[PDB]
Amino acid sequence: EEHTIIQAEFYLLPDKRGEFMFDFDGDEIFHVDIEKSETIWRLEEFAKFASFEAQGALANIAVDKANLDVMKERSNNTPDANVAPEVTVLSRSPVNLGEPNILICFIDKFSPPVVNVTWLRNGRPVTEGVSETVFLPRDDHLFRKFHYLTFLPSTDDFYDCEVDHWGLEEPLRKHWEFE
């Protein structure tokens, strides 16, 4: 039984965004919605086996905010290059026409942890049946993230996952068809 539990937290400027999540063997256990101040379980079935007072996370965050100001003054506010993500799109299961499936947009090896993602069906943004994850930690300093698109496989529709980051010159789009 060789396992790893990771309490990953951070604060980012100038976006003024924070995060507090837990990680088990690479998968998110939960995170805390800072604005709504509540524990969001990655899988709904987790709630029956454990609990976490969200207050602690907001507290840590506030301290992260404080520490960040410290770190900025210590380094003379010395900025650093951005690291652009590698985007990959693939279905969750073997794709069958007419059979409900799921598209996975995988954004990996990037930082800072802030990106805008847009699902495109036939060039048009999609706001229905779209899920996303918070910024997940890797072994290294860089981040990871998943976006999900619910769909019905047809030969007429084509999809794109558009990812915008400060490390990129222009928004990066990865394509996917049934062909």
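Residues carry their position along the shown sequence, with the first being 1.
On average the C-alpha atoms of 106 to 114 have higher B-factors than those of the other stretch, with 106 to 114 and 56 to 64 being the two compared. Per-stretch averaging of Cα B factors for 14 to 22 and 165 to 173 places 165 to 173 on top. Ranked by C-alpha B-factor against the other modelled residues of its chain, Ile34 falls in the middle third. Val89: CA B factor in the middle third of modelled residues in this chain (values from the PDB entry). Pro137: CA B factor in the lowest third of modelled residues in this chain (values from the PDB entry).
Among the modelled residues of the chain, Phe49 sits in the middle third by CA temperature factor in this PDB entry. Ranked by Cα temperature factor within the chain, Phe151 sits in the highest third according to the deposited record.
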